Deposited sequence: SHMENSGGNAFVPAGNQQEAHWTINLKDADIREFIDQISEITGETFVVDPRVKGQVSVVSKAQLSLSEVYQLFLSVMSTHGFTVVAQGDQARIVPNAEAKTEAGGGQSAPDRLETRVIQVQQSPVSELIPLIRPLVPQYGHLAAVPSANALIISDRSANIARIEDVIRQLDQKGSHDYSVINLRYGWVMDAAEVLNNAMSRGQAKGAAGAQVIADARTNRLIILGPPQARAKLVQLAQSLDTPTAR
């Protein structure tokens, strides 16, 4: 009924065979399919959720799965694919907030039935995104503010704002959180109302 997985530096063809053994689905794999994969889920996944993870891994490495009666065809169109369990926030709400941190070479997908996220990126950027998810995770909804920077640079702005909050220089902002969205040079500011409203003012003061 449920499965976990810990596959490290395995041929993508082994991962396909392991999905066939788990799900019972048989695949006809195009000769051009190739690559090394690392796939991890410490969370228990249902048969349907294992299939969603399979699609995310295929998409991560540039492969499409096409219906073909009974069997399905795998065809072309180091990264680890990890399943991250979210405890309190709805996963579909966190997706847009985490997408900025995922590079264009990566993958990000929701698994709403397990309240989990699937991410593909280098192992070190996943661990950094895991900490962001852990800080975001909460029962209440995330109201937020977006600031499109005109003069400053978001990775610098995010570091200054984080440093000021950690050192006690951002009085009133304690508890607020900032997510840098480097693709569009914008900041996403979260947190409880008073703290969030103050961090928006500090961020705005920085882009003058």
Check your understanding: Got a list of the deposited-sequence ranges with no coordinates?
Key -> 1-19, 97-111, 243-246
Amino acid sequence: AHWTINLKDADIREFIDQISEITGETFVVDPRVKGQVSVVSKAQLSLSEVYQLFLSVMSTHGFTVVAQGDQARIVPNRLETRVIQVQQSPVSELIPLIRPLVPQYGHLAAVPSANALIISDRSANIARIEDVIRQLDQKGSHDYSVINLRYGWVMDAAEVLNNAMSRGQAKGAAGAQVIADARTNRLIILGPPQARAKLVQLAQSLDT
From here on, numbers count along this sequence of modelled residues.
Exercise for review: Determine, for stretches 119-127 and 89-97, which one has the higher mean CA B-factor as deposited.
Suggested key: 119-127
Point to revise | Between 136-144 and 162-170 (mean CA B-factor, as deposited), the higher | key: 162-170
Review point. Whose C-alpha has the highest temperature factor in the PDB entry: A176, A180, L47, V57?
Key: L47
Point to revise | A10 - Cα temperature factor, lowest/middle/highest third of chain | key: highest
Exercise for review: Report the third (lowest, middle or highest) to which the CA temperature factor of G191 belongs, ranking only the modelled residues of the same chain.
Suggested key: lowest
Practice item. Sorting the chain's modelled residues by C-alpha B-factor, tell me whether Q18 ends up in the lowest, middle or highest third. Key: middle
Exercise for review: For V83, return the chain-relative third of its C-alpha B-factor as stated in the PDB record: lowest, middle or highest.
Suggested key: lowest
**Study point:** Cα B factor band for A43 (lowest, middle or highest third within the chain)
**Key:** highest
